[PDB]
A.B. asks: 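One structure is given below, represented as structure tokens, and several questions about it will come after.
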Amino acid sequence: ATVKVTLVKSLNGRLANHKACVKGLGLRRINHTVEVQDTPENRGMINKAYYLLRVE
Amino acid sequence: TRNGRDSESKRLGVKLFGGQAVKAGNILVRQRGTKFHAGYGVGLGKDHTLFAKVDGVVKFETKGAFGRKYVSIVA
RNA sequence: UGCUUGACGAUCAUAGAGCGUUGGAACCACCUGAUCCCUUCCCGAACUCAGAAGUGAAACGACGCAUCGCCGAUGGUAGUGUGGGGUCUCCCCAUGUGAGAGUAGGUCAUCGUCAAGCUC
RNA sequence: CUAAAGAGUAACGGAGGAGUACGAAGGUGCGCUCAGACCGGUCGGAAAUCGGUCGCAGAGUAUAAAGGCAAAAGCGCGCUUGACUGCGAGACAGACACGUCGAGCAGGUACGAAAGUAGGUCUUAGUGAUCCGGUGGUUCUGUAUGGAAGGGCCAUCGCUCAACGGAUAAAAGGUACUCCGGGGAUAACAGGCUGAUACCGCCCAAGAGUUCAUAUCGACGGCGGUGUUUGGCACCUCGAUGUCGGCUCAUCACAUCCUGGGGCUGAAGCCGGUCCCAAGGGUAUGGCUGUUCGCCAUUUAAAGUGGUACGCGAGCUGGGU
RNA sequence: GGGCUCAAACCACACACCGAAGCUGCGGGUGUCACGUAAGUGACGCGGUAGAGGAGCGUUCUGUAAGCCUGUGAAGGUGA
RNA sequence: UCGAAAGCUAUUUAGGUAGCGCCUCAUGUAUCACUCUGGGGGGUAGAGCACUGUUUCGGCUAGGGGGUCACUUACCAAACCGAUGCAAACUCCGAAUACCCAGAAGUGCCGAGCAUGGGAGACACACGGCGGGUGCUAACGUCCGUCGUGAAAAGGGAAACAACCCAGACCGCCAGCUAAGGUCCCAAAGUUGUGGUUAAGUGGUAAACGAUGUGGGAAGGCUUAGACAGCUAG
RNA sequence: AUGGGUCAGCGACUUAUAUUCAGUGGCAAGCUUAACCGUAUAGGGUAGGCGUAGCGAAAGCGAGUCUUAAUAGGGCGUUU
Ligand SMILES: [Mg+2]
Ligand SMILES: [Mg+2]
Ligand SMILES: [Mg+2]
Ligand SMILES: [Mg+2]
Ligand SMILES: [Mg+2]
Ligand SMILES: [Mg+2]
Ligand SMILES: [Mg+2]
Ligand SMILES: [Mg+2]
Ligand SMILES: [Mg+2]
Ligand SMILES: [Mg+2]
Ligand SMILES: [Mg+2]
Ligand SMILES: [Mg+2]
Ligand SMILES: [Mg+2]
Ligand SMILES: [Mg+2]
Ligand SMILES: [Mg+2]
Ligand SMILES: [Mg+2]
Ligand SMILES: [Mg+2]
Ligand SMILES: [Mg+2]
Ligand SMILES: [Mg+2]
Ligand SMILES: [Mg+2]
Ligand SMILES: [Mg+2]
Ligand SMILES: [Mg+2]
Ligand SMILES: [Mg+2]
Ligand SMILES: [Mg+2]
Ligand SMILES: [Mg+2]
Ligand SMILES: [Mg+2]
Ligand SMILES: [Mg+2]
Ligand SMILES: [Mg+2]
Ligand SMILES: [Mg+2]
Ligand SMILES: [Mg+2]
Ligand SMILES: [Mg+2]
Ligand SMILES: [Mg+2]
Ligand SMILES: [Mg+2]
Ligand SMILES: [Mg+2]
Ligand SMILES: [Mg+2]
Ligand SMILES: [Mg+2]
Ligand SMILES: [Mg+2]
Ligand SMILES: [Mg+2]
Ligand SMILES: [Mg+2]
Ligand SMILES: [Mg+2]
Ligand SMILES: [Mg+2]
Ligand SMILES: [Mg+2]
Ligand SMILES: [Mg+2]
Ligand SMILES: [Mg+2]
Ligand SMILES: [Mg+2]
Ligand SMILES: [Mg+2]
Ligand SMILES: [Mg+2]
Ligand SMILES: [Mg+2]
Ligand SMILES: [Mg+2]
Ligand SMILES: [Mg+2]
């Protein structure tokens with residue numbers, strides 16, 4: 001499938017690998033939405049940084 | 001009577017973990033005694049250094065009648 | 001066809017220990033003797049040699065038994081990564097993870113190569 | 001150990017060791033298995049040597065601890081010198097300099113019948129760069145030439161250079177007679193944070209109080225408050241924030257010394273004790289001492305306790321410091 | 001702080017709204033890549049001390065310059 | 001345009017310097033990060049008592065001490081048995097994380113990686129969270145690990161308030177939506193809605209301990225064979 | 001905490017010689033001169049410097065060389 005992911009919280013002051021999880025999904029700024037393939041590798045980045053994202 | 005002395009850290013321990021490619025001569029374990037024992041293709045140094053005698057991948061195994069942890073090199 | 005015995009392994013206690021029963025045809029052990037090879041900081045005890053009168057007593061092998069040992073869940077609990085919160089020496093919530101102990105229970109192993117005998 | 005299950009990781013953190021030893025305590029082949037307990041046994045006893053059972057590493061391993069140890073890495077015996085020479089794939093460790101491990105090749109050995117094992121010791125401490133000088137080798141160099149000297153190369157010796165990356169071959173103090181450059185990076189004063197300590201209050205109540213815990217006290221313990229003493233820290237100030245005491249002038253708090261109002265009393269009265277309320281006003285003079293204080297004398301209704309840069313030196317003093 | 005008590009407090013739930021230089025909109029500049037052998041388009045960027053890198057302004061003198069400007073007013077000064 | 005450090009090691013060194021770490025530029029070269037899956041070692045949190053120490057009961061029993069002076073125990077106590085606790089320098093056990101390696105998708109602002117070279121700065125750090133030592137689990141204390149912020153970061157919130165919360169400012173706009181935090185007035189936005197609690201201005205500072213404050217819940221005793229309280233009498 | 005009463009003027013990364021790296025030029029297996037000469041920024045002067053070969057302490061050997069008993073391993077070098 002394919003899932004809509006939107007960054008809703010700022011990346012300032014997060015852990016480095018949480019930022020790399022948001023950066024690894026293609027997200028650049030707050031309220032920016034990407035379309036990533038619903039794959040286990042992409043899901044693990046969404047699950048790690050769930051508190052920063054809005055997934056729908 | 002008092003304290004304040006210590007010796008330098010010896011940088012002991014496992015250098016190559018299970019499934020890592022090894023060349024012959026590669027040091028696998030630095031240890032004080034034989035916490036790990038030399039299995040197939042693995043040599044033992046004066047100071048009980050475990051080193052590779054053949055090329056392959058590290059395999060850690062516990063086996064034998066004494067429950068010794070062995071370091072072996074497999075293909 | 002399978003069994004028994006012996007040697008060597010796999011594995012290293014769910015495999016061990018203890019207790020009890022059993023095996024001498026062969027194998028093995030105990031056994032006989034010591035001049036010969038060889039041995040004892042003394043001693044044929046062990047090691048070694050030449051044997052087969054005696055015995056399965058010891059040991060060993062097999063079989064049985066949860067007394068010990070060993071193995072051991074499920075559930076819960078403790079801890080804990082991340083995010084958040086409180087009354088912030090310490091805790092809680094969401095999510096992920098998850099023991100140790102203990103409990104129910106389990107175990108008197110399993111497999112391979114070769115040689116001899118027997119069985120079918 | 002701290003050290004947070006890879007490595008590493010500080011403190012004038014918590015504990016111990018080293019500055020060696022061994023030609024056997026190294027190598028190898030062969031062989032063996034401790035400590036302790038119990039029983040029996042001449043001296044012999046808790047414990048000596050001997051025999052038996054249990055024991056299964058609780059012993060040993062030159063030495064501190066930790067990690068190891070059955071192919072024992074522990075113990076004995078025979079023969080030995082591999083505690084060899086050149087090296088060295090490849091790694092670990094690491095700022096550098098140093099450091100660690102090492103298969104394998106060649107030469108030459110030792111032990112074993114042989115496969116094999118041996119480049120020191122169960123491992124991790126036992127150490128000191130360069131310069132300079134000394135000694136043994138050397139096919140190198142040799143200031144015209146041949147030599148030599150001297151130099152190079154290889155081997156090796158001389159540092160508690162221990163402040164151990166070692167300034168020199170060679171080195172202690174005084175300064176209130178002091179001086180410069182700096183620092184609030186760092187002390188003394190005051191401020192700040194904190195509150196161990198201090199002071200004040202409370203909780204429990206064994207006990208004292210003739211009996212009677214709580215009129216008055218109250219052990220053993222516990223909980224607070226204040227900022228208030230002795231401290232802790234080092235945040236402000238070292239291109240300067242004047243110190244103790246006195247004098248003058250104060251201002252605030254209340255945990256009240258007098259006066260005012262009360263409850264309880266082990267309160268007959270007079271006088272007290274304790275607690276609650278109350279901050280309006282008041283709240284000594286001298287001797288000694290620089291004293292604050294204190295002791296003393298004599299008063300007073302009383303001679304309060306604190307904060308205010310231990311109030312107050314661009315207001316005085318200068319006795320102390 | 002005023003003031004507040006069937007709160008303007010506390011507990012629970014819900015729907016609104018306010019709120020930044022965050023995000024979006026509109027206009028502009030600039031950096032780096034890519035496409036462009038072009039003007040330019042596209043994407044992503046553009047807080048900053050020590051410090052590194054890049055690109056400029058202005059002043060005096062020399063050449064260009066025996067030129068050019070200048071008493072129909074130079075430099076300087078003072079306003080727009 | 002990019003953009004640190006206040007670390008390690010050494011230093012007659014400690015407020016200096018040097019190599020490495022971290023910044024920048026250039027050249028070259030192909031790695032790197034996140035996640036998933038798979039392969040590893042560990043001895044921490046927790047736990048435990050199998051070892052080493054340290055506990056407390058009880059049972060049984062040496063041995064020691066009394067009465068004899070050959071027998072029996074007034075009194076202590078080894079071991080063992082059972083129950084029961086503790087430990088940074090205890091461990092029969094033992095996570096989560098973190099770390100090492102391999103393979104794989106997408107995303108990297110066009111690059112992350114590495115190498116070589118030119119130029120540095122820096123080697124006084126501070127606070128907050130978490131794990132610790134130390135201190136009194138005192139200090140805006142001190143010393144480590146680790147992350148975040150400040151340093152070198154403006155804006156909004158926390159009254160004011162480096163280090164906390166939200167968020168990272170290229171410029172302009174008299175446009176809109178949100179974050180933290182808020183919405184009676186100061187002062188932008190609910191004197192919003194629903195159901196409760198509080199009466200202390202608690203809210204809007206604190207403990208042991210004390211109390212018929214008040215709300216909810218689950219039980220129990222006595223009770224119209226007279227409960228509790230009051231009154232009369234014994 | 002420091003410094004500055006204000007204004008105007010002055011006031012601090014320079015220069016020489018050696019050198020390394022970068023950029024940009026000349027020439028190129030060569031490149032370049034110094035002193036000096038020179039009717040003199042020309043031209044000459046090529047002594048010297050760097051490069052074209054390395055290894056070794058060195059004698060020396062040389063695309064090899066050093067270590068070594070070793071033509072084995074290894075070090076550095078050689079394919080510009
Ligand atoms: Mg015999
Ligand atoms: Mg029998
Ligand atoms: Mg279990
Ligand atoms: Mg379990
Ligand atoms: Mg560690
Ligand atoms: Mg760790
Ligand atoms: Mg005896
Ligand atoms: Mg005895
Ligand atoms: Mg030994
Ligand atoms: Mg001569
Ligand atoms: Mg000589
Ligand atoms: Mg030193
Ligand atoms: Mg004098
Ligand atoms: Mg001075
Ligand atoms: Mg200071
Ligand atoms: Mg002070
Ligand atoms: Mg001050
Ligand atoms: Mg001043
Ligand atoms: Mg009062
Ligand atoms: Mg008064
Ligand atoms: Mg009046
Ligand atoms: Mg007096
Ligand atoms: Mg007088
Ligand atoms: Mg004063
Ligand atoms: Mg004054
Ligand atoms: Mg005066
Ligand atoms: Mg809105
Ligand atoms: Mg706005
Ligand atoms: Mg913006
Ligand atoms: Mg735009
Ligand atoms: Mg920005
Ligand atoms: Mg900028
Ligand atoms: Mg002029
Ligand atoms: Mg930037
Ligand atoms: Mg020195
Ligand atoms: Mg624990
Ligand atoms: Mg990986
Ligand atoms: Mg320093
Ligand atoms: Mg420092
Ligand atoms: Mg620090
Ligand atoms: Mg501090
Ligand atoms: Mg400090
Ligand atoms: Mg600074
Ligand atoms: Mg702010
Ligand atoms: Mg404000
Ligand atoms: Mg309003
Ligand atoms: Mg309303
Ligand atoms: Mg209040
Ligand atoms: Mg009644
Ligand atoms: Mg001044």
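Letters A, B, ... are given to chains in the order of the sequence lines, protein chains preceding strands, and every chain is numbered from 1. Values below: every heavy atom of this structure, side chains too, minus hydrogens, waters and symmetry copies.
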A.B. asks: Quick check, are the ring centers of B:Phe60 and B:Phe36 under 6.0 angstrom apart?
C.D. replies: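 Yes, close enough.
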A.B. asks: Here, do D:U130 and D:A206 pair up as Watson-Crick or G-U wobble, each distance under 3.5 Å?
C.D. replies: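 Paired, no.
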A.B. asks: Would A:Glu35 and A:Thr2 count as having a side-chain donor-acceptor pair, cut-off 3.5 Å?
C.D. replies: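 Absent: no donor and acceptor within the cut-off.
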A.B. asks: For E:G42 and E:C33, do both pairing distances fall under 3.5 Å in a Watson-Crick or G-U wobble arrangement?
C.D. replies: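 They are paired, because both relevant distances stay under 3.5 Å.
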A.B. asks: With nearest nucleotides of RNA chain F determined for A:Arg14 and B:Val14 from heavy-atom distances, which residue corresponds to the more 5′ nucleotide?
C.D. replies: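 The residue whose closest nucleotide sits nearer the 5' end is B:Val14.
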A.B. asks: Does the D:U259 / D:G142 combination count as a Watson-Crick or G-U wobble pair, both distances under 3.5 Å?
C.D. replies: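 Here the two bases do not pair.
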A.B. asks: Going by Watson-Crick or G-U wobble geometry, both distances under 3.5 Å, is D:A106 a partner of D:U85?
C.D. replies: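 Taken together, D:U85 and D:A106 make a base pair (Watson-Crick or G-U wobble, both distances under 3.5 Å).
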A.B. asks: For the nucleotides D:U100 and D:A91, establish whether a Watson-Crick or G-U wobble pair is present, both distances being less than 3.5 Å.
C.D. replies: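 Taken together, D:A91 and D:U100 make a base pair (Watson-Crick or G-U wobble, both distances under 3.5 Å).
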A.B. asks: Need the pucker for D:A71. North if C1'-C2'-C3'-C4' is positive, south if negative.
C.D. replies: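 Negative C1'-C2'-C3'-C4' torsion, south pucker.
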A.B. asks: If you find the nucleotide of RNA chain F closest to B:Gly18 and the one closest to B:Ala21, which residue's nucleotide is nearer the 5' end?
C.D. replies: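 Here B:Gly18 is the residue nearer the 5' end.
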A.B. asks: If we only count Watson-Crick and G-U wobble pairs whose two distances fall under 3.5 Å, is F:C36 paired to F:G103?
C.D. replies: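 Pairing holds for F:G103 and F:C36, meeting the Watson-Crick or G-U definition.
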A.B. asks: Are A:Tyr51 and A:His18 an aromatic pair by the rule of ring centers under 6.0 Å?
C.D. replies: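 Centroid separation for A:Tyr51 and A:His18: below 6.0 Å.
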A.B. asks: Mapping B:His37 and B:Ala24 to their closest nucleotides on RNA chain D, which lands nearer the 5' end?
C.D. replies: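 Final value for this comparison: B:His37.
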A.B. asks: Verify the contact: side-chain N or O of B:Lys35 to OP1 or OP2 of F:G42, cut-off strictly under 4.0 Å; return yes or no.
C.D. replies: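 No, because none of the side-chain N or O atoms of B:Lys35 sits under 4.0 Å from OP1 or OP2 of F:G42.
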A.B. asks: Can you give me the first and the last nucleotide of RNA chain D (5' to 3') that has an atom within less than 4.0 angstrom of a non-hydrogen atom in chain B?
C.D. replies: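 Listed 5' to 3', the contact boundaries are D:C1 to D:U124.
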A.B. asks: Applying a cutoff of 5.5 Å on centroid distance plus 30° on plane angle, are these adjacent nucleotides, F:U212 and F:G213, stacked?
C.D. replies: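 No, F:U212 and F:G213 do not stack on each other.
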A.B. asks: The test is side-chain contact (heavy atoms from CB on, under 4.5 Å); show your working for B:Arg32 and B:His48 and say whether it passes.
C.D. replies: CA-CA 7 Å; B:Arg32 246 347 127 215; B:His48 311 110; over 6 Å; no
A.B. asks: Centres under 5.5 Å and planes under 30° for the six-membered rings of C:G86 and C:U87?
C.D. replies: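 Judged by ring centres under 5.5 Å and planes under 30°, these neighbouring bases do not count as stacked.
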A.B. asks: Do F:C80 and F:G217 form a Watson-Crick or G-U wobble pair, with both donor-acceptor distances under 3.5 Å?
C.D. replies: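 No, F:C80 does not pair with F:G217, since the Watson-Crick or G-U wobble distances are not both under 3.5 Å.
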A.B. asks: Measure the spacing between CZ of B:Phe51 and CG of B:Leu28 and express it to the nearest 0.5 Å.
C.D. replies: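 Nearest 0.5 Å value for the CZ-CG distance: 9.0 Å.
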A.B. asks: For a quick test of reading the model: is some side-chain N or O of A:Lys23 closer than 4.0 Å to OP1 or OP2 of F:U107?
C.D. replies: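 False: A:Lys23 side-chain N/O out of range (4.0 Å or more) of F:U107 OP1/OP2.
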A.B. asks: D:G306 on D:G307: ring centres under 5.5 Å and planes under 30 degrees?
C.D. replies: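 Under the 5.5 Å and 30 degree rule, these bases stack.
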A.B. asks: Decide whether a cation-pi geometry holds between B:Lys63 and B:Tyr70; the criteria are a distance under 6.0 Å from NZ or CZ to the six-membered ring centre and an angle within 45° of the ring axis.
C.D. replies: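 Yes.
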A.B. asks: Return the stems involving RNA chain C, sorted by first number, where pairs are Watson-Crick (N1-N3 with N6-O4 or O6-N4) or G-U wobble (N1-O2 and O6-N3), both under 3.5 Å, and runs are 3 or more long.
C.D. replies: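 Consecutive-pair runs (3 or more) involving RNA chain C: C:2-9 with C:111-118, C:18-23 with C:60-65, C:31-33 with C:49-51, C:69-71 with C:105-107, C:79-86 with C:90-97.
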A.B. asks: Taking a positive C1'-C2'-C3'-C4' angle as north and a negative one as south, how is the sugar of F:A153 classified?
C.D. replies: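 F:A153 falls in the south pucker range.
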A.B. asks: Positive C1'-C2'-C3'-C4' counts as north, negative as south. Which one applies to F:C90?
C.D. replies: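 A north-puckered sugar, given its positive torsion.
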A.B. asks: Would D:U237 and D:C238 pass the stacking test, six-membered ring centres less than 5.5 Å apart and planes less than 30 degrees?
C.D. replies: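 Under the 5.5 Å and 30 degree rule, these bases do not stack.
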A.B. asks: Is the phosphate of F:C34, meaning OP1 or OP2, less than 4.0 Å from a side-chain N or O of A:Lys19?
C.D. replies: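 Looking at the OP1 and OP2 atoms of F:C34, neither is under 4.0 Å from any side-chain N or O of A:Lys19.
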A.B. asks: F:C143 P sits how many Å from B:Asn3 CG, rounded?
C.D. replies: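 Whole-Å distance recorded here is 20 Å.
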A.B. asks: By the rule that syn is within 90° of 0, classify the base conformation of D:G158 as syn or anti.
C.D. replies: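 Anti, since the glycosidic angle lies more than 90° from 0.
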A.B. asks: Between B:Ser72 and B:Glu61, do the side chains contain an N or O donor and an N or O acceptor separated by less than 3.5 Å?
C.D. replies: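 Yes, because at least one side-chain N or O of B:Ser72 sits under 3.5 Å from a partner of the opposite role on B:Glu61.
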A.B. asks: Would F:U52 and F:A227 count as paired if we go with Watson-Crick or G-U wobble and both distances under 3.5 Å?
C.D. replies: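 Under the 3.5 Å cut-off on both distances, the two nucleotides are not paired.
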A.B. asks: Please tell me which of B:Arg68 and B:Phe51 maps to the more 5' nucleotide of RNA chain D, matching each residue to the nucleotide holding its nearest heavy atom.
C.D. replies: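 Here B:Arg68 is the residue nearer the 5' end.
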A.B. asks: D:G8: syn or anti, with syn meaning chi within 90° of zero?
C.D. replies: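 What D:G8 shows is an anti base, its glycosidic angle lying more than 90° from 0.
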A.B. asks: Distance check needed: F:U107 P versus A:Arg43 CZ, whole Å only.
C.D. replies: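 After rounding, the gap between these two atoms is 18 Å.
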A.B. asks: Quote, to the nearest angstrom, the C1' distance that separates F:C101 from F:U55.
C.D. replies: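 Taking atom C1' in both F:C101 and F:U55, they lie 49 Å apart.
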A.B. asks: Starting from P on F:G108, measure out to CZ on A:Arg29 and report it in whole angstrom.
C.D. replies: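 One finds 11 Å between P of F:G108 and CZ of A:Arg29, rounded.
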A.B. asks: Are E:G48 and E:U49 stacked bases, their six-membered ring centres under 5.5 Å apart and their planes under 30 degrees apart?
C.D. replies: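 Base stacking for E:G48 and E:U49: not present.
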A.B. asks: Side chain of A:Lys9, heavy atoms from C-beta onward: which of C:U82, F:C166, C:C12 has the nearest atom to it?
C.D. replies: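 Nearest to the side-chain atoms of A:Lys9, counting from C-beta on, is F:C166.
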A.B. asks: CG of A:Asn12 versus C1' of F:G156: gap in Å, rounded?
C.D. replies: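 That distance rounds to 14 Å.
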A.B. asks: I want to verify the glycosidic state of F:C109; is it syn or anti under the 90° rule?
C.D. replies: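 Syn conformation for F:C109.
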A.B. asks: Using side-chain contact (heavy atoms from CB on, under 4.5 Å), reason through B:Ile27 and B:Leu50 one step at a time and then give a plain yes or no.
C.D. replies: CA-CA 6 Å; B:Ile27 285 175; B:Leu50 292 187; over 6 Å; no
A.B. asks: Assign D:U291 to north (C3'-endo side) or south (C2'-endo side) according to its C1'-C2'-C3'-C4' torsion.
C.D. replies: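 Since its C1'-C2'-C3'-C4' torsion is positive, the sugar of D:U291 is on the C3'-endo, or north, side.
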A.B. asks: Just how far, in rounded Å, is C1' of F:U35 from CG of A:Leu53?
C.D. replies: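 After rounding, the gap between these two atoms is 13 Å.
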A.B. asks: Between atom CG in A:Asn47 and atom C1' in C:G81, what is the gap in whole Å?
C.D. replies: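 Whole-Å distance recorded here is 14 Å.
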A.B. asks: Can you see a Watson-Crick or G-U wobble pair between F:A138 and F:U11, using both distances under 3.5 Å as the test?
C.D. replies: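 Pairing fails for F:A138 and F:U11, missing the Watson-Crick or G-U definition.
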A.B. asks: Separation of A:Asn17 atom CG from F:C147 atom P, in whole Å?
C.D. replies: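 Nearest whole value for this atom pair: 12 Å.
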A.B. asks: I want to verify the glycosidic state of D:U49; is it syn or anti under the 90° rule?
C.D. replies: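 It is anti.
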A.B. asks: In whole angstroms, how far is the P atom of F:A105 from the CG atom of A:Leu25?
C.D. replies: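 For the pair A:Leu25 CG and F:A105 P, the rounded distance is 17 Å.
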A.B. asks: Under 3.5 Å for both distances, do we get a Watson-Crick or G-U wobble pair between D:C22 and D:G120?
C.D. replies: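 A pair, by the stated definition.
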A.B. asks: Syn or anti for D:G318, please, going by whether the chi angle lies within 90° of 0.
C.D. replies: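 Syn, angle within 90° of zero.
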A.B. asks: Just read off the sign of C1'-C2'-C3'-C4' for D:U121 and name the pucker, north if positive, south if negative.
C.D. replies: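 Torsion sign negative, so south.
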